[PDB]
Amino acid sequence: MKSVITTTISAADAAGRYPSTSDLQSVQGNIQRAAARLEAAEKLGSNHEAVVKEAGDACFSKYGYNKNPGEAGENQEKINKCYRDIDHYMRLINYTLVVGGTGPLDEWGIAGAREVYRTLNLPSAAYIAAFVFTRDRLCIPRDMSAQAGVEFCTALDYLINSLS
């Protein structure tokens, strides 16, 4: 899983090297940023159902057609599965934040998303709708601090560039 500490060890390992100063200077950066990403993580972990709901609703307020027969929110089992994907993705954004590396979002949510949504006829636009709304809801003393908001906001931009 890509993180700061995984990316220096694999590289040192590739070179058959013991860890050196650049590897110890790198891990210290992880520790300087830990406070601000664990803060965001805590806040989404605490009130996540509230933001996933919001977020789900937003795709359907933008793309009402999904409710039509033959489409991906034609019935409630399906609509329920859409909100469950926004929770799956937000649990992966909480995971990315604790790890301080996109490896969790990369392995479990991004890899193969493109093949699964094409075969099952799920529009990437509709997932982008959700994440833009979730991203832009953030009020950066209200909901969390400024630098934890940097962590939240662009942990979500990483997902949006992945689908687009």
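Residues carry their position along the shown sequence, with the first being 1.
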{"query": "Entry-level comparison of average CA B-factors, 116-124 and 33-41, reporting the higher stretch", "finding": "116-124"}
{"query": "103-111 set against 46-54, stretch whose average Cα temperature factor tops the other in the entry", "finding": "46-54"}
{"query": "Residue selected from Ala15, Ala146, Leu24, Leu156 by maximal Cα B factor", "finding": "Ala146"}
{"query": "Where the record places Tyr65 (Cα B-factor, split into thirds across the chain)", "finding": "highest"}
{"query": "Within-chain third of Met90 by Cα B-factor, per the entry", "finding": "middle"}
{"query": "Cα B factor band for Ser164 (lowest, middle or highest third within the chain)", "finding": "lowest"}
{"query": "Cα B factor band for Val132 (lowest, middle or highest third within the chain)", "finding": "lowest"}
{"query": "Lowest, middle or highest third - CA B-factor, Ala11", "finding": "lowest"}
